[PDB]
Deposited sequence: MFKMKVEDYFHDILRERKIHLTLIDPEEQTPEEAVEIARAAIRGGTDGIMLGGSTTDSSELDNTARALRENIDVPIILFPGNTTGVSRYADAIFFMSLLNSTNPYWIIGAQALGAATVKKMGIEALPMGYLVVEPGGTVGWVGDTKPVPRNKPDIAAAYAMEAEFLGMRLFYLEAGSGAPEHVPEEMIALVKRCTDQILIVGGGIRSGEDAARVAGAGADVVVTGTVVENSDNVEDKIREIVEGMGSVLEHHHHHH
C-alpha cells in the first residue's frame, strides 16, 4: 500500500462504510494468515488489522511481511502492548485506552513505543479507544471500567474529550467475542457529538449485526474471523451496504 491509510479511509467514506478484518498473529502461521486475509479480501474487506493480543513480536513481523507481500489493502497495527510495532505495516492505530484505571494503558505504554514508531516512520492514526461492557479480554487485561451499555452519555463524554485532545479516530470496543455488539443508541449518540472517524467492533457476527451498527453511525466496522470466512465477511459487508 502506497497511499496514506487515513486519506484512503476518507476516500472510501465519501460513498460507503469501511470494513476491517482483525487477525491475531498468534492464532495461526503467516501463511495461514495470508489465506485468511485473502478470503476476507474476496469477501469485501477494506484492510487488515494486525494485533489484538499481548504476545511475542517476532510472529508479528513474520505475519506482517507475509501480508505486505501478498495483499493490496492496508495493514494497520492494532497494538495490544508495546510489542505491537512492526515495519512491514502501512499504519498504526496510535491509541490511548481511555477508560483504563492504569496509567500504563492510558499513556505509559505509548510513551515507551513512541521513538520506535518515529524511527520506522510509520503513519500514526491518533485514536481514542473506549471499552464498552462486557469488554472481553482487552477490557480485563487493560484494567478498564467498561462503559455500561445503558450509559451512552458516558461514552459521548469520552468521545468529545478525545476529539478535544486531537484524536481523529474513536473506537467503541465491546470486546472480541462479546455476545452483543455496542448498542445502537450509544453509537448514534457518539456519532452526533464528534466529527471523528467512528470505529465499532466486538460481537459483530451477522449481516444484521453489521447493518445495525453501520445504520447507527459506525464509519468503520471491525470483525474477527471466527465462523466460511469469505462468506462471513461478504454477509457482513452486505449488511453494511444495506443501509442508506
{"query": "Ranges missing from the model, given as deposited sequence positions", "finding": "1, 229 to 232, 250 to 256"}
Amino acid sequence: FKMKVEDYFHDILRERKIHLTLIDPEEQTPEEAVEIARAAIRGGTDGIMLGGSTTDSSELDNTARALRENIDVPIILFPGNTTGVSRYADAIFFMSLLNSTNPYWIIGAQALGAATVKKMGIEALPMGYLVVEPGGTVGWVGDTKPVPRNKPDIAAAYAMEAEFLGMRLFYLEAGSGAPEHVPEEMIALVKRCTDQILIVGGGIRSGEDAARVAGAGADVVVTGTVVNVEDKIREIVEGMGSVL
From here on, numbers count along this sequence of modelled residues.
{"item": "Which of 23 to 31 and 195 to 203 has higher mean CA B factor, as the PDB entry lists it", "value": "23 to 31"}
{"item": "Of 133 to 141 and 74 to 82, the one with larger mean CA B-factor", "value": "74 to 82"}
{"item": "From 216, 60, 178, 190, residue of greatest CA B-factor", "value": "60"}
{"item": "Candidate set 123, 173, 153, 161 [ranked by C-alpha B-factor, highest]", "value": "123"}
{"item": "Residue 116 by Cα B-factor - lowest, middle or highest third of the modelled chain", "value": "highest"}
{"item": "Where the record places residue 48 (Cα B-factor, split into thirds across the chain)", "value": "middle"}
{"item": "Within-chain third of residue 244 by Cα B-factor, per the entry", "value": "lowest"}
{"item": "Cα B factor band for residue 92 (lowest, middle or highest third within the chain)", "value": "middle"}
